[PDB]
>>> print(open('target-v2.cif').read())   # mmCIF, N, CA, C and O atoms
data_work
loop_
_atom_site.label_atom_id
_atom_site.label_comp_id
_atom_site.auth_asym_id
_atom_site.auth_seq_id
_atom_site.Cartn_x
_atom_site.Cartn_y
_atom_site.Cartn_z
N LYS A 11 91.71 72.64 41.42
CA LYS A 11 92.57 73.11 40.28
C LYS A 11 93.04 74.54 40.53
O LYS A 11 92.22 75.37 40.95
N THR A 12 94.28 74.86 40.19
CA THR A 12 94.84 76.23 40.31
C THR A 12 94.21 77.18 39.28
O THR A 12 94.27 78.42 39.47
N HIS A 13 93.67 76.64 38.19
CA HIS A 13 93.04 77.45 37.12
C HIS A 13 91.69 76.86 36.75
O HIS A 13 91.52 75.64 36.83
N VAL A 14 90.76 77.73 36.34
CA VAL A 14 89.40 77.30 35.95
C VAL A 14 89.03 78.04 34.67
O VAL A 14 89.32 79.26 34.58
N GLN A 15 88.56 77.28 33.69
CA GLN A 15 88.09 77.80 32.38
C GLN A 15 86.73 78.44 32.62
O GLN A 15 85.81 77.74 33.09
N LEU A 16 86.62 79.74 32.35
CA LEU A 16 85.34 80.46 32.48
C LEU A 16 85.06 81.19 31.19
O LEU A 16 86.02 81.59 30.50
N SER A 17 83.77 81.37 30.88
CA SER A 17 83.28 82.24 29.77
C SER A 17 82.48 83.38 30.41
O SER A 17 81.43 83.07 30.98
N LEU A 18 83.02 84.60 30.38
CA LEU A 18 82.47 85.75 31.14
C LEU A 18 81.60 86.55 30.21
O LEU A 18 82.06 86.92 29.13
N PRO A 19 80.34 86.83 30.61
CA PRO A 19 79.46 87.68 29.81
C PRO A 19 79.99 89.13 29.84
O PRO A 19 80.29 89.64 30.91
N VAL A 20 80.14 89.74 28.67
CA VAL A 20 80.68 91.11 28.53
C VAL A 20 79.46 92.05 28.56
O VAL A 20 78.58 91.88 27.72
N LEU A 21 79.40 92.95 29.52
CA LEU A 21 78.20 93.84 29.70
C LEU A 21 78.56 95.26 29.26
O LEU A 21 79.68 95.68 29.41
N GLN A 22 77.57 95.98 28.74
CA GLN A 22 77.68 97.44 28.49
C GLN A 22 77.59 98.14 29.85
O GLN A 22 76.69 97.78 30.65
N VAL A 23 78.47 99.10 30.12
CA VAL A 23 78.53 99.78 31.44
C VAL A 23 77.16 100.35 31.81
O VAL A 23 76.78 100.21 32.98
N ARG A 24 76.42 100.93 30.86
CA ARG A 24 75.10 101.56 31.19
C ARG A 24 74.01 100.53 31.52
O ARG A 24 72.95 100.96 32.04
N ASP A 25 74.21 99.25 31.24
CA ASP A 25 73.27 98.16 31.60
C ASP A 25 73.51 97.67 33.02
O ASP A 25 72.61 97.09 33.62
N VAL A 26 74.70 97.87 33.55
CA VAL A 26 75.09 97.20 34.80
C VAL A 26 74.25 97.72 35.97
O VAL A 26 74.27 98.93 36.23
N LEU A 27 73.56 96.82 36.66
CA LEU A 27 72.71 97.19 37.81
C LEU A 27 73.50 97.27 39.11
O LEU A 27 73.12 98.07 39.97
N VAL A 28 74.50 96.42 39.29
CA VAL A 28 75.28 96.41 40.56
C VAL A 28 76.73 96.72 40.18
O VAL A 28 77.37 95.87 39.53
N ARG A 29 77.20 97.91 40.55
CA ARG A 29 78.32 98.56 39.83
C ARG A 29 79.63 98.30 40.57
O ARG A 29 80.63 98.86 40.16
N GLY A 30 79.62 97.39 41.53
CA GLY A 30 80.86 96.88 42.14
C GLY A 30 80.57 95.78 43.11
O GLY A 30 79.39 95.42 43.31
N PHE A 31 81.60 95.32 43.79
CA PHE A 31 81.53 94.10 44.61
C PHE A 31 81.52 94.45 46.11
O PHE A 31 81.27 93.57 46.90
N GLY A 32 81.75 95.69 46.48
CA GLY A 32 81.80 96.03 47.92
C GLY A 32 82.71 97.20 48.19
O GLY A 32 82.96 98.03 47.30
N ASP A 33 83.17 97.29 49.43
CA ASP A 33 83.58 98.58 50.03
C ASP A 33 85.06 98.60 50.41
O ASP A 33 85.50 99.65 50.87
N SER A 34 85.77 97.47 50.31
CA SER A 34 87.21 97.39 50.65
C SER A 34 87.90 96.57 49.57
O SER A 34 87.23 95.79 48.88
N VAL A 35 89.22 96.72 49.44
CA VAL A 35 90.00 95.94 48.44
C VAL A 35 89.80 94.46 48.76
O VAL A 35 89.61 93.66 47.82
N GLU A 36 89.89 94.10 50.04
CA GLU A 36 89.81 92.67 50.43
C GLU A 36 88.40 92.14 50.10
O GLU A 36 88.30 90.98 49.66
N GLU A 37 87.35 92.93 50.34
CA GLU A 37 85.96 92.45 50.10
C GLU A 37 85.73 92.28 48.59
O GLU A 37 85.08 91.29 48.20
N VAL A 38 86.19 93.22 47.79
CA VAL A 38 85.84 93.18 46.34
C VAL A 38 86.57 92.00 45.71
O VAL A 38 85.96 91.34 44.87
N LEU A 39 87.83 91.75 46.08
CA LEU A 39 88.56 90.56 45.57
C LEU A 39 87.86 89.28 46.01
O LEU A 39 87.76 88.35 45.19
N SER A 40 87.41 89.22 47.27
CA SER A 40 86.67 88.07 47.86
C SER A 40 85.41 87.81 47.05
O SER A 40 85.19 86.65 46.60
N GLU A 41 84.62 88.87 46.90
CA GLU A 41 83.28 88.79 46.25
C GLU A 41 83.47 88.43 44.78
O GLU A 41 82.67 87.58 44.28
N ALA A 42 84.46 89.01 44.12
CA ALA A 42 84.73 88.74 42.68
C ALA A 42 85.00 87.24 42.50
O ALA A 42 84.36 86.58 41.63
N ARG A 43 85.86 86.69 43.36
CA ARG A 43 86.26 85.26 43.31
C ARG A 43 85.03 84.38 43.55
O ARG A 43 84.82 83.42 42.77
N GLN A 44 84.20 84.72 44.54
CA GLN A 44 82.94 83.97 44.79
C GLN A 44 82.02 84.01 43.55
O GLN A 44 81.52 82.94 43.14
N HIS A 45 81.78 85.18 42.97
CA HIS A 45 80.90 85.34 41.77
C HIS A 45 81.48 84.59 40.55
O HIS A 45 80.72 83.93 39.78
N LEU A 46 82.79 84.60 40.40
CA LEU A 46 83.45 83.84 39.31
C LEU A 46 83.20 82.34 39.52
O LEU A 46 82.80 81.69 38.53
N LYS A 47 83.34 81.83 40.74
CA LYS A 47 83.08 80.40 41.05
C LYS A 47 81.60 80.10 40.76
O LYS A 47 81.37 79.04 40.18
N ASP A 48 80.66 81.00 41.12
CA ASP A 48 79.18 80.78 41.09
C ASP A 48 78.59 81.08 39.70
O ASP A 48 77.38 80.90 39.52
N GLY A 49 79.41 81.54 38.76
CA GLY A 49 78.98 81.88 37.39
C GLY A 49 78.09 83.11 37.36
O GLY A 49 77.23 83.22 36.47
N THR A 50 78.27 84.02 38.32
CA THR A 50 77.43 85.24 38.48
C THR A 50 78.31 86.49 38.35
O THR A 50 78.01 87.49 39.00
N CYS A 51 79.33 86.44 37.51
CA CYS A 51 80.30 87.54 37.33
C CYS A 51 80.29 88.00 35.88
O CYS A 51 80.44 87.12 34.97
N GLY A 52 80.15 89.31 35.65
CA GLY A 52 80.26 89.92 34.32
C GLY A 52 81.55 90.70 34.14
O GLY A 52 82.28 90.90 35.14
N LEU A 53 81.84 91.06 32.90
CA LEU A 53 83.07 91.79 32.51
C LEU A 53 82.63 93.04 31.76
O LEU A 53 81.86 92.90 30.83
N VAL A 54 83.19 94.18 32.13
CA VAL A 54 83.02 95.45 31.37
C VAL A 54 84.37 95.84 30.78
O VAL A 54 85.34 95.94 31.54
N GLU A 55 84.41 96.03 29.48
CA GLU A 55 85.63 96.42 28.74
C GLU A 55 85.87 97.89 29.05
O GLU A 55 84.89 98.69 29.02
N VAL A 56 87.11 98.21 29.40
CA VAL A 56 87.49 99.56 29.91
C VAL A 56 87.78 100.43 28.70
O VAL A 56 88.61 100.04 27.86
N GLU A 57 87.06 101.55 28.59
CA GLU A 57 87.34 102.64 27.64
C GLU A 57 87.09 103.96 28.38
O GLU A 57 86.62 103.93 29.53
N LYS A 58 87.47 105.06 27.74
CA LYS A 58 87.23 106.44 28.24
C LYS A 58 85.81 106.49 28.79
O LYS A 58 84.88 106.14 28.04
N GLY A 59 85.67 106.86 30.06
CA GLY A 59 84.38 107.17 30.69
C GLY A 59 83.74 105.99 31.38
O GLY A 59 82.74 106.20 32.09
N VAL A 60 84.30 104.78 31.22
CA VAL A 60 83.70 103.57 31.86
C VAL A 60 83.95 103.61 33.36
O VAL A 60 82.98 103.42 34.11
N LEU A 61 85.20 103.72 33.82
CA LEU A 61 85.47 103.51 35.27
C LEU A 61 84.74 104.51 36.15
O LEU A 61 84.28 104.14 37.23
N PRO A 62 84.60 105.81 35.79
CA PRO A 62 83.89 106.74 36.67
C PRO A 62 82.40 106.38 36.83
O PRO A 62 81.79 106.81 37.79
N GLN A 63 81.87 105.52 35.95
CA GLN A 63 80.46 105.05 36.00
C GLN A 63 80.33 103.80 36.88
O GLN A 63 79.20 103.36 37.10
N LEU A 64 81.44 103.24 37.35
CA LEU A 64 81.45 102.06 38.25
C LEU A 64 81.94 102.49 39.63
O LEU A 64 82.42 103.64 39.78
N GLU A 65 81.76 101.62 40.62
CA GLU A 65 82.05 101.92 42.04
C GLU A 65 83.43 101.37 42.40
O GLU A 65 83.70 100.20 42.16
N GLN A 66 84.25 102.19 43.04
CA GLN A 66 85.51 101.70 43.66
C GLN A 66 85.22 101.04 45.00
O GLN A 66 84.23 101.35 45.63
N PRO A 67 86.09 100.12 45.51
CA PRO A 67 87.24 99.62 44.76
C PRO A 67 86.85 98.83 43.50
O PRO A 67 85.81 98.16 43.55
N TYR A 68 87.64 98.93 42.44
CA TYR A 68 87.51 98.14 41.19
C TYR A 68 88.25 96.81 41.31
O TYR A 68 89.31 96.72 42.03
N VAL A 69 87.73 95.79 40.62
CA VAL A 69 88.44 94.49 40.41
C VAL A 69 88.68 94.35 38.92
O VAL A 69 87.69 94.28 38.15
N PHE A 70 89.95 94.29 38.49
CA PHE A 70 90.30 94.06 37.07
C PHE A 70 90.64 92.58 36.89
O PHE A 70 91.21 91.99 37.81
N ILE A 71 90.39 92.07 35.68
CA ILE A 71 91.14 90.89 35.17
C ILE A 71 92.25 91.40 34.26
O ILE A 71 91.99 92.26 33.36
N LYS A 72 93.44 90.83 34.48
CA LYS A 72 94.69 91.23 33.83
C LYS A 72 95.38 89.98 33.27
O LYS A 72 95.27 88.93 33.89
N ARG A 73 95.88 90.06 32.05
CA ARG A 73 96.53 88.92 31.36
C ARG A 73 97.78 88.52 32.16
O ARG A 73 98.56 89.43 32.48
N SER A 74 97.92 87.25 32.53
CA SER A 74 98.98 86.79 33.47
C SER A 74 100.09 86.08 32.69
O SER A 74 101.09 85.70 33.34
N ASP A 75 99.92 85.91 31.38
CA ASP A 75 100.81 85.07 30.52
C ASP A 75 100.45 85.29 29.04
O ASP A 75 99.32 85.72 28.78
N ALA A 76 101.39 85.01 28.12
CA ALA A 76 101.26 85.15 26.64
C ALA A 76 101.12 83.77 25.98
O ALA A 76 102.16 83.12 25.79
N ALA A 79 97.48 80.88 25.73
CA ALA A 79 96.00 80.98 25.84
C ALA A 79 95.38 79.61 25.60
O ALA A 79 94.78 79.36 24.56
N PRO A 80 95.49 78.69 26.58
CA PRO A 80 95.01 77.32 26.41
C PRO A 80 93.53 77.21 26.02
O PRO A 80 92.69 77.75 26.73
N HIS A 81 93.25 76.52 24.91
CA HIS A 81 91.89 76.17 24.42
C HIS A 81 91.08 77.42 24.06
O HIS A 81 89.84 77.33 24.08
N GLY A 82 91.75 78.55 23.74
CA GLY A 82 91.13 79.86 23.45
C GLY A 82 91.04 80.76 24.69
O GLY A 82 90.82 81.98 24.53
N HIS A 83 91.24 80.19 25.88
CA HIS A 83 91.11 80.88 27.19
C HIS A 83 92.41 81.60 27.56
O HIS A 83 93.42 80.92 27.85
N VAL A 84 92.36 82.94 27.58
CA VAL A 84 93.47 83.82 28.06
C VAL A 84 93.65 83.61 29.56
O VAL A 84 92.67 83.69 30.33
N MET A 85 94.89 83.39 30.00
CA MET A 85 95.15 83.23 31.44
C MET A 85 95.13 84.62 32.08
O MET A 85 95.80 85.53 31.58
N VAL A 86 94.38 84.76 33.16
CA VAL A 86 94.16 86.07 33.82
C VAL A 86 94.33 85.89 35.32
O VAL A 86 94.21 84.74 35.84
N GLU A 87 94.64 87.00 35.98
CA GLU A 87 94.51 87.10 37.45
C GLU A 87 93.79 88.40 37.84
O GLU A 87 93.63 89.30 36.99
N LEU A 88 93.37 88.45 39.09
CA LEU A 88 92.63 89.60 39.68
C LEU A 88 93.61 90.59 40.28
O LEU A 88 94.50 90.16 41.07
N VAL A 89 93.39 91.87 40.00
CA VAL A 89 94.05 93.05 40.65
C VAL A 89 92.96 94.05 41.07
O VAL A 89 92.16 94.43 40.21
N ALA A 90 92.93 94.48 42.32
CA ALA A 90 91.97 95.52 42.79
C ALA A 90 92.63 96.90 42.73
O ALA A 90 93.91 97.00 42.74
N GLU A 91 91.81 97.94 42.70
CA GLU A 91 92.27 99.35 42.66
C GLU A 91 91.35 100.20 43.54
O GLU A 91 90.09 100.09 43.42
N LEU A 92 91.95 101.05 44.38
CA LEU A 92 91.22 101.99 45.26
C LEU A 92 92.06 103.27 45.35
O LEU A 92 93.25 103.16 45.72
N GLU A 93 91.46 104.40 44.94
CA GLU A 93 92.07 105.76 44.99
C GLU A 93 93.47 105.70 44.37
O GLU A 93 94.42 106.29 44.95
N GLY A 94 93.58 105.01 43.23
CA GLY A 94 94.77 105.04 42.37
C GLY A 94 95.86 104.08 42.82
O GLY A 94 96.95 104.08 42.20
N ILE A 95 95.59 103.24 43.81
CA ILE A 95 96.58 102.22 44.25
C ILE A 95 96.03 100.83 43.90
O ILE A 95 94.86 100.58 44.22
N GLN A 96 96.86 100.01 43.26
CA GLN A 96 96.52 98.63 42.80
C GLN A 96 97.14 97.62 43.77
O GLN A 96 98.24 97.85 44.32
N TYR A 97 96.43 96.53 43.96
CA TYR A 97 96.77 95.46 44.93
C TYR A 97 96.85 94.19 44.10
O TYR A 97 95.80 93.65 43.63
N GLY A 98 98.10 93.86 43.80
CA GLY A 98 98.45 92.95 42.72
C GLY A 98 99.26 93.64 41.65
O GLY A 98 99.19 94.89 41.47
N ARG A 99 99.93 92.82 40.88
CA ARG A 99 100.79 93.23 39.75
C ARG A 99 100.54 92.20 38.66
O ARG A 99 100.68 91.00 38.96
N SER A 100 100.15 92.61 37.46
CA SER A 100 99.87 91.66 36.35
C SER A 100 99.99 92.39 35.01
O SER A 100 100.46 93.55 35.00
N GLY A 101 99.54 91.74 33.94
CA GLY A 101 99.64 92.25 32.56
C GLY A 101 98.49 93.18 32.21
O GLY A 101 97.93 93.81 33.10
N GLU A 102 98.21 93.28 30.92
CA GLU A 102 97.21 94.19 30.32
C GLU A 102 95.81 93.86 30.85
O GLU A 102 95.45 92.68 30.94
N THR A 103 95.01 94.89 31.11
CA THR A 103 93.61 94.78 31.56
C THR A 103 92.74 94.23 30.42
O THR A 103 92.81 94.79 29.31
N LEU A 104 91.95 93.20 30.69
CA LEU A 104 90.93 92.66 29.76
C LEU A 104 89.57 93.30 30.08
O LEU A 104 88.72 93.40 29.16
N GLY A 105 89.41 93.75 31.32
CA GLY A 105 88.23 94.55 31.74
C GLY A 105 88.05 94.58 33.24
O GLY A 105 88.91 94.09 34.02
N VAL A 106 86.94 95.18 33.67
CA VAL A 106 86.60 95.34 35.10
C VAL A 106 85.45 94.39 35.38
O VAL A 106 84.51 94.33 34.56
N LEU A 107 85.54 93.65 36.48
CA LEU A 107 84.53 92.65 36.86
C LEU A 107 83.42 93.36 37.61
O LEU A 107 83.71 94.26 38.41
N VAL A 108 82.20 92.87 37.41
CA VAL A 108 81.02 93.36 38.16
C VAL A 108 80.13 92.15 38.40
O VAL A 108 80.16 91.20 37.65
N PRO A 109 79.25 92.21 39.41
CA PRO A 109 78.19 91.23 39.54
C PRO A 109 77.36 91.17 38.26
O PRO A 109 77.09 92.21 37.67
N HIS A 110 76.97 89.96 37.89
CA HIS A 110 75.99 89.73 36.81
C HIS A 110 74.66 89.33 37.45
O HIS A 110 74.62 88.28 38.10
N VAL A 111 73.63 90.10 37.19
CA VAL A 111 72.28 89.83 37.76
C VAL A 111 71.25 89.71 36.62
O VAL A 111 70.05 89.99 36.89
N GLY A 112 71.66 89.21 35.45
CA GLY A 112 70.74 88.92 34.33
C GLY A 112 70.77 89.94 33.21
O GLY A 112 70.00 89.79 32.26
N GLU A 113 71.66 90.92 33.27
CA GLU A 113 71.90 91.82 32.11
C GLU A 113 72.23 91.01 30.85
O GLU A 113 72.90 89.97 30.93
N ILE A 114 71.73 91.45 29.69
CA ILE A 114 72.05 90.79 28.39
C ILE A 114 73.46 91.19 27.95
O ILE A 114 73.75 92.38 27.78
N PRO A 115 74.38 90.22 27.72
CA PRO A 115 75.71 90.54 27.25
C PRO A 115 75.77 90.88 25.76
O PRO A 115 74.83 90.59 25.03
N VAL A 116 76.87 91.52 25.37
CA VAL A 116 77.19 91.80 23.94
C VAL A 116 78.14 90.75 23.38
O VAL A 116 78.30 90.68 22.13
N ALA A 117 78.81 90.00 24.25
CA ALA A 117 79.86 89.03 23.86
C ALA A 117 80.22 88.23 25.10
O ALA A 117 79.70 88.53 26.18
N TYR A 118 81.03 87.21 24.89
CA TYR A 118 81.65 86.39 25.95
C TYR A 118 83.15 86.47 25.80
O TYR A 118 83.62 86.54 24.65
N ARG A 119 83.86 86.52 26.93
CA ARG A 119 85.34 86.54 27.00
C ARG A 119 85.75 85.24 27.69
O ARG A 119 85.41 85.08 28.85
N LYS A 120 86.40 84.33 26.96
CA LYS A 120 86.93 83.04 27.48
C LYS A 120 88.22 83.33 28.24
O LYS A 120 89.13 83.92 27.64
N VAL A 121 88.28 82.98 29.52
CA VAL A 121 89.51 83.20 30.34
C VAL A 121 89.83 81.92 31.10
O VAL A 121 88.93 81.09 31.38
N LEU A 122 91.10 81.76 31.42
CA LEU A 122 91.59 80.76 32.39
C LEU A 122 91.98 81.53 33.64
O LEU A 122 92.97 82.30 33.59
N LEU A 123 91.18 81.40 34.69
CA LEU A 123 91.33 82.21 35.93
C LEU A 123 92.26 81.48 36.89
O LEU A 123 91.88 80.38 37.36
N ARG A 124 93.39 82.10 37.22
CA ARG A 124 94.23 81.67 38.36
C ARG A 124 93.40 81.84 39.64
O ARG A 124 93.09 83.00 40.00
N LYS A 125 93.01 80.72 40.25
CA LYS A 125 92.12 80.61 41.43
C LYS A 125 92.95 80.15 42.64
O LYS A 125 94.17 79.99 42.54
#
>>> encode(input="target-v2.cif", output="structure tokens")
Amino acid sequence: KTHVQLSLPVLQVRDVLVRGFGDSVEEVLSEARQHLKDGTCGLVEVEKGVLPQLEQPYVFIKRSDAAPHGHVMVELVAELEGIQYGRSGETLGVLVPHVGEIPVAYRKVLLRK
């Protein structure tokens, strides 16, 4: 399928134990996609002071369209030293590995895979 319905655990930035996916734009997009498939991916909602507490390169989920079955359609965009790789809509948050942190909420998305 080109799209997959996922429910992403929303984590508080100060709870996150693994604060990014790796060391290059290509690796973080790769790793993010693998963790999304494996159900081991969390979402941090971006506000003032969140991104400097996480590791670059960043992987964002961004709204790709204006929401089947409650699931917002999203795609992945990476960012490193102020340059983004991908072009998409509004940020829903920054993806991180999930290693058992307790979420505050779930975000239903339809991921372009």
>>> resolve_selection(input="target-v2.cif", expression="the PyMOL selection byres ((chain A and resi 63-71) around 8)", output="compact mmCIF listing (two decimals) with N, CA, C and O atoms, keeping the file's coordinate frame")
# COMPACT_ATOMS: atom_id res chain seq x y z
N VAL A 23 78.47 99.10 30.12
CA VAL A 23 78.53 99.78 31.44
C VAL A 23 77.16 100.35 31.81
O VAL A 23 76.78 100.21 32.98
N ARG A 24 76.42 100.93 30.86
CA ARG A 24 75.10 101.56 31.19
C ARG A 24 74.01 100.53 31.52
O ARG A 24 72.95 100.96 32.04
N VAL A 26 74.70 97.87 33.55
CA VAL A 26 75.09 97.20 34.80
C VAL A 26 74.25 97.72 35.97
O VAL A 26 74.27 98.93 36.23
N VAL A 28 74.50 96.42 39.29
CA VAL A 28 75.28 96.41 40.56
C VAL A 28 76.73 96.72 40.18
O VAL A 28 77.37 95.87 39.53
N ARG A 29 77.20 97.91 40.55
CA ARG A 29 78.32 98.56 39.83
C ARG A 29 79.63 98.30 40.57
O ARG A 29 80.63 98.86 40.16
N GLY A 30 79.62 97.39 41.53
CA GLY A 30 80.86 96.88 42.14
C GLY A 30 80.57 95.78 43.11
O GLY A 30 79.39 95.42 43.31
N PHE A 31 81.60 95.32 43.79
CA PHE A 31 81.53 94.10 44.61
C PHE A 31 81.52 94.45 46.11
O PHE A 31 81.27 93.57 46.90
N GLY A 32 81.75 95.69 46.48
CA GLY A 32 81.80 96.03 47.92
C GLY A 32 82.71 97.20 48.19
O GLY A 32 82.96 98.03 47.30
N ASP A 33 83.17 97.29 49.43
CA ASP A 33 83.58 98.58 50.03
C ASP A 33 85.06 98.60 50.41
O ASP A 33 85.50 99.65 50.87
N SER A 34 85.77 97.47 50.31
CA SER A 34 87.21 97.39 50.65
C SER A 34 87.90 96.57 49.57
O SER A 34 87.23 95.79 48.88
N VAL A 35 89.22 96.72 49.44
CA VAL A 35 90.00 95.94 48.44
C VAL A 35 89.80 94.46 48.76
O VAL A 35 89.61 93.66 47.82
N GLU A 37 87.35 92.93 50.34
CA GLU A 37 85.96 92.45 50.10
C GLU A 37 85.73 92.28 48.59
O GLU A 37 85.08 91.29 48.20
N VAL A 38 86.19 93.22 47.79
CA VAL A 38 85.84 93.18 46.34
C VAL A 38 86.57 92.00 45.71
O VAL A 38 85.96 91.34 44.87
N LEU A 39 87.83 91.75 46.08
CA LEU A 39 88.56 90.56 45.57
C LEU A 39 87.86 89.28 46.01
O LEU A 39 87.76 88.35 45.19
N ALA A 42 84.46 89.01 44.12
CA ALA A 42 84.73 88.74 42.68
C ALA A 42 85.00 87.24 42.50
O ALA A 42 84.36 86.58 41.63
N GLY A 52 80.15 89.31 35.65
CA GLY A 52 80.26 89.92 34.32
C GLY A 52 81.55 90.70 34.14
O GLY A 52 82.28 90.90 35.14
N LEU A 53 81.84 91.06 32.90
CA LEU A 53 83.07 91.79 32.51
C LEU A 53 82.63 93.04 31.76
O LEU A 53 81.86 92.90 30.83
N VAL A 54 83.19 94.18 32.13
CA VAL A 54 83.02 95.45 31.37
C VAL A 54 84.37 95.84 30.78
O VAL A 54 85.34 95.94 31.54
N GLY A 59 85.67 106.86 30.06
CA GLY A 59 84.38 107.17 30.69
C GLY A 59 83.74 105.99 31.38
O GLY A 59 82.74 106.20 32.09
N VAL A 60 84.30 104.78 31.22
CA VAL A 60 83.70 103.57 31.86
C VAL A 60 83.95 103.61 33.36
O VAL A 60 82.98 103.42 34.11
N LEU A 61 85.20 103.72 33.82
CA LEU A 61 85.47 103.51 35.27
C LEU A 61 84.74 104.51 36.15
O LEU A 61 84.28 104.14 37.23
N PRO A 62 84.60 105.81 35.79
CA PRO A 62 83.89 106.74 36.67
C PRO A 62 82.40 106.38 36.83
O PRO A 62 81.79 106.81 37.79
N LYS A 72 93.44 90.83 34.48
CA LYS A 72 94.69 91.23 33.83
C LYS A 72 95.38 89.98 33.27
O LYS A 72 95.27 88.93 33.89
N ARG A 73 95.88 90.06 32.05
CA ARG A 73 96.53 88.92 31.36
C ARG A 73 97.78 88.52 32.16
O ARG A 73 98.56 89.43 32.48
N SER A 74 97.92 87.25 32.53
CA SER A 74 98.98 86.79 33.47
C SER A 74 100.09 86.08 32.69
O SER A 74 101.09 85.70 33.34
N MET A 85 94.89 83.39 30.00
CA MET A 85 95.15 83.23 31.44
C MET A 85 95.13 84.62 32.08
O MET A 85 95.80 85.53 31.58
N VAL A 86 94.38 84.76 33.16
CA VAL A 86 94.16 86.07 33.82
C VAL A 86 94.33 85.89 35.32
O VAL A 86 94.21 84.74 35.84
N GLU A 87 94.64 87.00 35.98
CA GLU A 87 94.51 87.10 37.45
C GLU A 87 93.79 88.40 37.84
O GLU A 87 93.63 89.30 36.99
N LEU A 88 93.37 88.45 39.09
CA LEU A 88 92.63 89.60 39.68
C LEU A 88 93.61 90.59 40.28
O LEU A 88 94.50 90.16 41.07
N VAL A 89 93.39 91.87 40.00
CA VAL A 89 94.05 93.05 40.65
C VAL A 89 92.96 94.05 41.07
O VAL A 89 92.16 94.43 40.21
N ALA A 90 92.93 94.48 42.32
CA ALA A 90 91.97 95.52 42.79
C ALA A 90 92.63 96.90 42.73
O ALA A 90 93.91 97.00 42.74
N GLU A 91 91.81 97.94 42.70
CA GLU A 91 92.27 99.35 42.66
C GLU A 91 91.35 100.20 43.54
O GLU A 91 90.09 100.09 43.42
N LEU A 92 91.95 101.05 44.38
CA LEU A 92 91.22 101.99 45.26
C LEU A 92 92.06 103.27 45.35
O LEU A 92 93.25 103.16 45.72
N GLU A 93 91.46 104.40 44.94
CA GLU A 93 92.07 105.76 44.99
C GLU A 93 93.47 105.70 44.37
O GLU A 93 94.42 106.29 44.95
N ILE A 95 95.59 103.24 43.81
CA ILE A 95 96.58 102.22 44.25
C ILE A 95 96.03 100.83 43.90
O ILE A 95 94.86 100.58 44.22
N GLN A 96 96.86 100.01 43.26
CA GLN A 96 96.52 98.63 42.80
C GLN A 96 97.14 97.62 43.77
O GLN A 96 98.24 97.85 44.32
N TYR A 97 96.43 96.53 43.96
CA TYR A 97 96.77 95.46 44.93
C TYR A 97 96.85 94.19 44.10
O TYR A 97 95.80 93.65 43.63
N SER A 100 100.15 92.61 37.46
CA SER A 100 99.87 91.66 36.35
C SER A 100 99.99 92.39 35.01
O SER A 100 100.46 93.55 35.00
N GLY A 101 99.54 91.74 33.94
CA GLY A 101 99.64 92.25 32.56
C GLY A 101 98.49 93.18 32.21
O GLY A 101 97.93 93.81 33.10
N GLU A 102 98.21 93.28 30.92
CA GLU A 102 97.21 94.19 30.32
C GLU A 102 95.81 93.86 30.85
O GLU A 102 95.45 92.68 30.94
N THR A 103 95.01 94.89 31.11
CA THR A 103 93.61 94.78 31.56
C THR A 103 92.74 94.23 30.42
O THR A 103 92.81 94.79 29.31
N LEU A 104 91.95 93.20 30.69
CA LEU A 104 90.93 92.66 29.76
C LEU A 104 89.57 93.30 30.08
O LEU A 104 88.72 93.40 29.16
N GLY A 105 89.41 93.75 31.32
CA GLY A 105 88.23 94.55 31.74
C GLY A 105 88.05 94.58 33.24
O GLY A 105 88.91 94.09 34.02
N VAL A 106 86.94 95.18 33.67
CA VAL A 106 86.60 95.34 35.10
C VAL A 106 85.45 94.39 35.38
O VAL A 106 84.51 94.33 34.56
N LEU A 107 85.54 93.65 36.48
CA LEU A 107 84.53 92.65 36.86
C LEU A 107 83.42 93.36 37.61
O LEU A 107 83.71 94.26 38.41
N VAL A 108 82.20 92.87 37.41
CA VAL A 108 81.02 93.36 38.16
C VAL A 108 80.13 92.15 38.40
O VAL A 108 80.16 91.20 37.65
>>> atom_distance(input="target-v2.cif", atom1="atom C of residue 116 (chain A)", atom2="CA of residue 58 (chain A)")
18.8 Å
>>> atom_distance(input="target-v2.cif", atom1="atom N of residue 20 (chain A)", atom2="atom O of residue 40 (chain A)")
18.9 Å
>>> atom_distance(input="target-v2.cif", atom1="atom O of residue 75 (chain A)", atom2="CA of residue 98 (chain A)")
15.7 Å
>>> residues_near_point(input="target-v2.cif", point="(87.9, 81.9, 22.3)", cutoff="7 Å", atoms="only C-alpha atoms", output="list in words")
residues 82, 83 and 120 of chain A
>>> residues_around(input="target-v2.cif", residues="residue 15 (chain A)", least_positions_apart="3", cutoff="7 Å", atoms="only C-alpha atoms", output="list in words")
residues 83, 121, 122 and 123 of chain A
>>> select_by_dssp(input="target-v2.cif", residues="chain A", states="helix (DSSP H, G or I)", output="number ranges by chain")
A: 23-25, 35-48, 61-63, 80-82
>>> closest_residue(input="target-v2.cif", among="A:117, A:84, A:56, A:46", to="residue 19 (chain A)", atoms="only C-alpha atoms")
A:117
>>> closest_residue(input="target-v2.cif", among="A:109, A:94, A:17, A:99", to="residue 41 (chain A)", atoms="only N, CA, C and O atoms")
A:109
>>> closest_residue(input="target-v2.cif", among="A:112, A:44, A:11, A:51", to="residue 27 (chain A)", atoms="all atoms listed in the file")
A:112
>>> select_by_dssp(input="target-v2.cif", residues="region 13-114 of chain A", states="strand (DSSP E or B)", output="MDAnalysis selection string")
chainID A and resid 13:20 51:54 68:73 84:92 95:97 103:109
